[PDB]
Amino acid sequence: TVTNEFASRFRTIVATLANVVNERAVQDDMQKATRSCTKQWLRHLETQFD
Amino acid sequence: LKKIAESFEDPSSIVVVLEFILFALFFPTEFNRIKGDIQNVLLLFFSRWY
């Protein structure tokens, strides 16, 4: 398979955590920079995971 | 095609897409010769971004 289901599941998981950490980030009025940095680390974990 | 190990994790990865478009302008012929192999990369781009 071109796509790996075990990895795609981790993909959706990470999208969910992105929404969650996003809401917590905006609730605590933290800087845009750190917020996008969290998202970047998350998508990196996504890649490593595949 | 010479191998291109792009993950397309970051927007900067658009560079690789440009690299192809340019290659398809200057060299439509070789492009048409290897475009399937290019498509393998473009699908990694498209599955992430869209």
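Method information in the entry identifies cryo-EM as the source of the structure, with 3.0000 Å recorded as the resolution.

Draft legend 1. Structural detail: the overall build of chain B. Helix and strand content of chain B: 2 helices and 0 strands. Its C-alpha radius of gyration of 11 Å places chain B within 12% of the 10 Å reference for a compact globule of 50 residues. Principal axes of the C-alpha set define a box for chain B whose edges measure 30 × 20 × 15 Å. A total of 50 residues make up chain B; the buried ones form 16% of that total. Sequence-distant contacts, at least 24 apart, represent 59% of the contacts inside chain B between residues at least 6 apart. Accessible surface computed for chain B: about 3700 Å², of which carbon and sulfur atoms make up 65%. Charged side chains of chain B number 5 positive and 6 negative; the gap between the two group centres comes to 8 Å.

Draft legend 2. Layout of the layout of surface pockets. As a volume, the largest pocket reaches approximately 810 Å³. Along its surface, the largest pocket is lined by 28 residues, and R11 and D50 of chain A together with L44, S47 and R48 of chain B are the ones closest to its centre. Looking at the lining of the largest pocket, the elements that each hand over two or more residues are α1 (5-27) and α2 (32-49) of chain A together with α2 (28-49) of chain B.

Draft legend 3. Up close: the packing of α1 of chain A against α2 of chain A. Residues and elements named next belong to chain A. Orientation of α1 relative to α2, taken along the N-to-C sense of each, is 170°, at an axis distance of 10 Å. Considering the angle they form, α1 stands roughly antiparallel to α2. Seen from α1, the contacting residues are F6, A7, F10, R11, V14, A18, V21, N22, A25 and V26; seen from α2, they are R35, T38, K39, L42, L45, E46 and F49. Taken together, the residues of the contact of α1 with α2 sort by class into 11 nonpolar, 2 polar and 4 charged.

Scoring rules and cut-offs
- Residues numbered from 1 in each chain as written, not as in the entry; some residues may be left out.
- Chains lettered and ligands numbered in written order.
- Part of a larger assembly, values for the part shown.
- Heavy atoms only, no water.
- Helix = DSSP H or I, 4+ residues; strand = E, 2+ residues; numbered from the N terminus.
- Rg over C-alpha atoms; globule rule 2.2 N^0.38 Å.
- Buried < 20%, exposed > 50% of the residue type's maximum accessible area, 1.4 Å probe, protein only.
- Contact = heavy atoms within 4.5 Å.
- Areas by Shrake-Rupley, 256 points an atom, 1.4 Å probe, with all protein chains shown as cover.
- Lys, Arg positive; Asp, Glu negative; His and termini not counted.
- Charge placed at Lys NZ, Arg CZ, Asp CG, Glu CD.
- 1 Å grid on protein atoms, 1.4 Å probe; cavity = no way out; pocket = protein on both sides within 12 Å on 5 of 7 lines; lining within 4 Å.
- Points joined across faces, edges and corners; volume = space filled by probe spheres on them.
- Axes fitted to C-alpha atoms, helices over the stretch in contact; angles between N-to-C directions.
- Parallel < 35°, antiparallel > 145°, perpendicular 65-115°, else oblique.
- Nonpolar A, V, L, I, M, F, W, Y, C, P; charged D, E, K, R; others polar.

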